[PDB]
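Peer 1: Let me give you the structure first, and then I'll get to my questions.
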Amino acid sequence: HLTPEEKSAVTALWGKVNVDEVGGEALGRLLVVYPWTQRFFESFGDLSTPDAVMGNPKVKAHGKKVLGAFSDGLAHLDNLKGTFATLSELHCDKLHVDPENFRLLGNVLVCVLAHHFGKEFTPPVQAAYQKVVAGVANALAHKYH
Amino acid sequence: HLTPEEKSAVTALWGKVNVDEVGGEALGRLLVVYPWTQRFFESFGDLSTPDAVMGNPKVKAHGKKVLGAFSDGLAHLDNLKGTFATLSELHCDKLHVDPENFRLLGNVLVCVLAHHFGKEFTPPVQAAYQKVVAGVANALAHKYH
Amino acid sequence: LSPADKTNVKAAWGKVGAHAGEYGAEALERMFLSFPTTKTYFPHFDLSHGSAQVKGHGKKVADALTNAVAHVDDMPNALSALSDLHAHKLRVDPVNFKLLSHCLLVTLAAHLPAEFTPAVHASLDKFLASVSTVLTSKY
Amino acid sequence: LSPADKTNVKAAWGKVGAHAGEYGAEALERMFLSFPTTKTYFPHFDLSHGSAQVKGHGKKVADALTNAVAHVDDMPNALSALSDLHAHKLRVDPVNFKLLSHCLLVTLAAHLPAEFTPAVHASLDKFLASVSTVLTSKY
Ligand code: HEM
Ligand code: HEM
Ligand code: HEM
Ligand code: HEM
């Protein structure tokens, strides 16, 4: 649950997020830092080096999709469980992704936001975004509960 | 979600469980194998050696309580969330116990059951009990969700 | 891994003896039954009860564990090829190693009551975690 | 770790320079704000924003990390007293080390954009995990 101050700060920061590169950066960094996640993306082409990962158009497009899903969850902060029902079904009963990777990707996204915004990404803003990503990961891992 | 045959096997094995020692054994083994959990039990006296942990009457008395809670959950396999509401409140808001420790204790209890029952603790029975302990841990960790 | 852990692990795995392959196959069966998501790493395997493929894989895993016990102080060097396999070619999720370690502990508890004291349990848990992190160290 | 990981970590932590104490204090502040359950380990601490106690503790943690970087191939021996503290006296849950490592990574990303490349990020993650498992080794 987020306080109105946290919601306002999160919305103000997300309004300045570049939706064409942030998701791709987060997905690429997830692949580089946790290379076992590359097992789920063997149809994306070359993932042998970090530069090849960050330069992959498939990774960029899929990161765009994931960032769109995150924006969808951010637009409905009180119905994350119903916002992510079909995505939870896809990720659990079809892709068999272990739910710890959801938390890993959320923390990678937090790191990417910190990298992009610098001093603007204050500790209170980070705490609000940690709440948001924890909620998103919990909603996505509902099918395992 | 347990099938009727899994439920029958689980309740048939649980009927032969010594309710005065199994919980104490599980709690003592949790304290020995993951000794950071000893931080929650400083009021239990001596915990310096494994022999002192397994000989502790407070650890035995508490393990008995925890085994009783597990039995209560087993009698209400379809209402685990409502069965463990107050225990979840106590463990999250009051004691600040990380939810990974719940899974650790459940696996320790599975190991204790395997140790006591030997060959009759078959892989299907263990799978049903893993389902049970996962459900119990999820119900206890709900207040963090 | 304290020297006490190494002393406990060596004797406990020594009393395993010639039952190592059977214990490994049983641990694999327990993992497949309790955590069916681990079965996705073996699509080409016949994973029914009593499978000879599962028996052979259990023998291989048990032999690897015996080698790791014999090379406890030099495990990262002794398990370089297995780490290469599991991290580069297989890229197994590290939670699966925790699952398999738990199933190995359950098999050991169900087959060696006298040996599975709390201290031996702690030592075996630490040894299996060290083996797992060696096998995932190539990430 | 790897030679490449060690080189990346050494270069990145060298670029930290004289801001190590400030970065450690900011990482501690971030951890206390994002994960209030970590605050229970500091009941005698003034944990408000700008606290001198938090500043000093951040300086100590940063100096420990600098020593660990200087002794990356002998970290278990270099961090023996700290691991003794954190495992015997404090009994810190290991999850807390992951939380603090994440907050350190966030601080490094927010203060060193050019240095925080994906490869440097991976190397720093690996180094912080190694430090954490050394500090929880005694368990
Ligand atoms: C944590 C938050 C996550 C969000 C919000 C998210 C979101 C999405 C979205 C929007 C799609 C596209 C669905 C569609 O086009 O119908 C997708 C598919 C996919 N996700 Fe995620 N994802 C997350 C985490 C992960 C993680 C951690 C992994 C792997 C380690 C993963 C693996 C995949 C794969 C392989 C696909 C493609 C499969 C397919 O399209 O059938 N996801 N996800
Ligand atoms: C995983 C399943 C668990 C169950 C079913 C369980 C059950 C219980 C029960 C029945 C009580 C007594 C409540 C009362 O008397 O009102 C209790 C209290 C307590 N539990 Fe657990 N427990 C579990 C896990 C854990 C774990 C993993 C830890 C620590 C690592 C823990 C720490 C404690 C402590 C310190 C108390 C004492 C609280 C007090 O004295 O006020 N519990 N638990
Ligand atoms: C202590 C833990 C483990 C040990 C000692 C171990 C050991 C081994 C060994 C010795 C082999 C055969 C290598 C060869 O024949 O050259 C192997 C292969 C394999 N392992 Fe593991 N392993 C462990 C954990 C795991 C886990 C947790 C998984 C998946 C959940 C896994 C999946 C596989 C797969 C898929 C193969 C390939 C089998 C084949 O292609 O026939 N391993 N492992
Ligand atoms: C990045 C890993 C960490 C490092 C390098 C580190 C380093 C240190 C250092 C240098 C000290 C001071 C010891 C002295 O005075 O000589 C210390 C104390 C302490 N650390 Fe950590 N620490 C780490 C992680 C943690 C975590 C995750 C917690 C728990 C949230 C924690 C809790 C404490 C506590 C409670 C003290 C004692 C504070 C006091 O009484 O002054 N540490 N640590």
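A note on labels: chains of the structure tokens are A, B, ... as shown, every chain counts residues from 1, and ligands are counted from 1 in their shown order.
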Residues within 12 Å of residue C:109, please, as a PyMOL selection string. Count only C-alpha atoms; anything in the same chain fewer than 4 positions from it doesn't count.
Peer 2: (chain B and resi 108-119+121) or (chain C and resi 12+16+23+27+102-105+113-118+120-121+124-125)
Peer 1: Write the residues of the preceding selection, restricted to N, CA and C atoms, as a compact mmCIF listing (two decimals), in the first residue's frame.
Peer 2:
```
# COMPACT_ATOMS: atom_id res chain seq x y z
N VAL B 108 12.40 -28.47 7.27
CA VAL B 108 12.96 -29.18 8.42
C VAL B 108 11.96 -30.19 8.97
N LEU B 109 10.68 -29.80 9.02
CA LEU B 109 9.64 -30.71 9.49
C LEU B 109 9.48 -31.90 8.55
N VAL B 110 9.58 -31.65 7.24
CA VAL B 110 9.55 -32.75 6.28
C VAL B 110 10.72 -33.71 6.52
N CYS B 111 11.91 -33.15 6.77
CA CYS B 111 13.07 -33.99 7.06
C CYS B 111 12.88 -34.79 8.34
N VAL B 112 12.29 -34.18 9.36
CA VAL B 112 12.05 -34.88 10.62
C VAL B 112 11.06 -36.03 10.42
N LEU B 113 10.01 -35.79 9.63
CA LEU B 113 9.06 -36.86 9.32
C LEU B 113 9.73 -37.99 8.56
N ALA B 114 10.59 -37.65 7.59
CA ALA B 114 11.33 -38.68 6.87
C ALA B 114 12.22 -39.48 7.82
N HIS B 115 12.90 -38.78 8.74
CA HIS B 115 13.77 -39.44 9.70
C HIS B 115 13.00 -40.40 10.59
N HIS B 116 11.81 -40.00 11.04
CA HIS B 116 11.04 -40.85 11.94
C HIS B 116 10.35 -42.02 11.23
N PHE B 117 9.88 -41.82 10.00
CA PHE B 117 9.07 -42.85 9.35
C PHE B 117 9.85 -43.71 8.37
N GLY B 118 11.07 -43.32 7.99
CA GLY B 118 11.91 -44.20 7.19
C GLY B 118 11.32 -44.50 5.83
N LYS B 119 11.24 -45.80 5.51
CA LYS B 119 10.82 -46.22 4.18
C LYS B 119 9.35 -45.96 3.92
N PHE B 121 7.83 -43.27 4.51
CA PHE B 121 7.73 -41.89 4.02
C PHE B 121 8.10 -41.88 2.54
N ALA C 12 29.52 -39.34 7.22
CA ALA C 12 28.14 -39.57 6.83
C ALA C 12 28.04 -40.09 5.40
N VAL C 16 27.19 -43.98 3.46
CA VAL C 16 26.32 -44.16 2.31
C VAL C 16 26.80 -45.35 1.47
N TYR C 23 20.35 -44.01 -3.73
CA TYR C 23 19.95 -42.80 -3.02
C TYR C 23 19.82 -41.61 -3.97
N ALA C 27 16.43 -39.58 -4.67
CA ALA C 27 16.36 -38.13 -4.50
C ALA C 27 15.85 -37.46 -5.77
N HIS C 102 17.46 -30.43 -0.72
CA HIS C 102 16.44 -30.82 0.24
C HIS C 102 16.01 -32.27 0.03
N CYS C 103 15.82 -32.67 -1.23
CA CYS C 103 15.42 -34.05 -1.49
C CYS C 103 16.53 -35.04 -1.13
N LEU C 104 17.79 -34.68 -1.35
CA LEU C 104 18.90 -35.51 -0.91
C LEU C 104 18.91 -35.65 0.61
N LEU C 105 18.68 -34.55 1.33
CA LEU C 105 18.61 -34.61 2.78
C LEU C 105 17.46 -35.50 3.25
N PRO C 113 18.82 -43.34 9.74
CA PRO C 113 18.32 -42.69 10.96
C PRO C 113 19.41 -42.38 11.97
N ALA C 114 20.26 -43.37 12.26
CA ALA C 114 21.29 -43.19 13.28
C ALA C 114 22.30 -42.13 12.89
N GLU C 115 22.67 -42.07 11.61
CA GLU C 115 23.65 -41.10 11.15
C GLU C 115 23.09 -39.69 11.07
N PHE C 116 21.79 -39.53 10.85
CA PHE C 116 21.19 -38.22 10.61
C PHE C 116 20.86 -37.52 11.94
N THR C 117 21.92 -37.20 12.68
CA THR C 117 21.81 -36.38 13.87
C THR C 117 21.65 -34.92 13.45
N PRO C 118 21.22 -34.04 14.36
CA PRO C 118 21.11 -32.62 13.99
C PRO C 118 22.42 -31.99 13.51
N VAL C 120 25.01 -33.58 12.05
CA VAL C 120 25.27 -34.14 10.73
C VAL C 120 24.34 -33.53 9.70
N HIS C 121 23.09 -33.27 10.09
CA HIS C 121 22.13 -32.61 9.21
C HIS C 121 22.62 -31.22 8.83
N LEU C 124 25.66 -31.59 6.46
CA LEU C 124 25.24 -32.00 5.12
C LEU C 124 24.56 -30.86 4.38
N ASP C 125 23.74 -30.08 5.08
CA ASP C 125 23.10 -28.92 4.46
C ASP C 125 24.15 -27.93 3.97
```
Peer 1: Around ligand 2, at most 7 Å away and counting only C-alpha atoms and all ligand atoms, which residues are there? Put them as a ChimeraX atom specification, please.
Peer 2: /B:37,40-41,65-70,87,91,95,97,101-106,136-137,140
Peer 1: Between A:5, A:120, A:42, A:78, which one has atoms that come closest to chain C, using only C-alpha atoms?
Peer 2: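 That would be A:42, the residue with the smallest distance to chain C.
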Peer 1: Produce as an NGL selection string the set of residues near ligand 4, where near means within 7 Å with only C-alpha atoms and all ligand atoms considered.
Peer 2: :D and (38-39 or 41-42 or 57 or 60-65 or 82 or 86 or 90 or 92 or 96-97 or 99-101 or 128 or 131-132)
Peer 1: Can you work out which residues from chain C touch chain D at a cut-off of 10 Å (counting only C-alpha atoms) and hand them back as a list in words?
Peer 2: residues 1, 2, 122, 126, 137, 138 and 139 of chain C
Peer 1: Export N, CA, C and O atoms of the chosen residues as a PDB file, in the first residue's frame?
Peer 2:
```pdb
ATOM      1  N   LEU C   1      32.322 -23.612   5.472  1.00  0.00           N
ATOM      2  CA  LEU C   1      32.548 -25.002   5.851  1.00  0.00           C
ATOM      3  C   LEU C   1      33.687 -25.114   6.858  1.00  0.00           C
ATOM      4  O   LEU C   1      34.860 -25.083   6.489  1.00  0.00           O
ATOM      5  N   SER C   2      33.329 -25.237   8.133  1.00  0.00           N
ATOM      6  CA  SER C   2      34.296 -25.422   9.206  1.00  0.00           C
ATOM      7  C   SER C   2      34.905 -26.817   9.109  1.00  0.00           C
ATOM      8  O   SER C   2      34.334 -27.691   8.445  1.00  0.00           O
ATOM      9  N   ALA C 122      23.082 -30.447   9.814  1.00  0.00           N
ATOM     10  CA  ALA C 122      23.608 -29.114   9.531  1.00  0.00           C
ATOM     11  C   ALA C 122      24.821 -29.181   8.611  1.00  0.00           C
ATOM     12  O   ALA C 122      24.932 -28.403   7.654  1.00  0.00           O
ATOM     13  N   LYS C 126      25.148 -27.633   4.807  1.00  0.00           N
ATOM     14  CA  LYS C 126      26.193 -26.695   4.402  1.00  0.00           C
ATOM     15  C   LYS C 126      27.011 -27.239   3.235  1.00  0.00           C
ATOM     16  O   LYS C 126      27.360 -26.493   2.311  1.00  0.00           O
ATOM     17  N   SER C 137      28.637 -21.279  -9.823  1.00  0.00           N
ATOM     18  CA  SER C 137      29.617 -20.204  -9.703  1.00  0.00           C
ATOM     19  C   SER C 137      30.014 -19.631 -11.057  1.00  0.00           C
ATOM     20  O   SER C 137      30.624 -18.558 -11.119  1.00  0.00           O
ATOM     21  N   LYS C 138      29.681 -20.322 -12.149  1.00  0.00           N
ATOM     22  CA  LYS C 138      30.138 -19.880 -13.464  1.00  0.00           C
ATOM     23  C   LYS C 138      29.249 -18.777 -14.023  1.00  0.00           C
ATOM     24  O   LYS C 138      29.540 -18.217 -15.086  1.00  0.00           O
ATOM     25  N   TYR C 139      28.161 -18.457 -13.331  1.00  0.00           N
ATOM     26  CA  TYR C 139      27.221 -17.449 -13.810  1.00  0.00           C
ATOM     27  C   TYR C 139      27.852 -16.059 -13.801  1.00  0.00           C
ATOM     28  O   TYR C 139      27.607 -15.261 -12.897  1.00  0.00           O
TER      29      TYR C 139
END
```
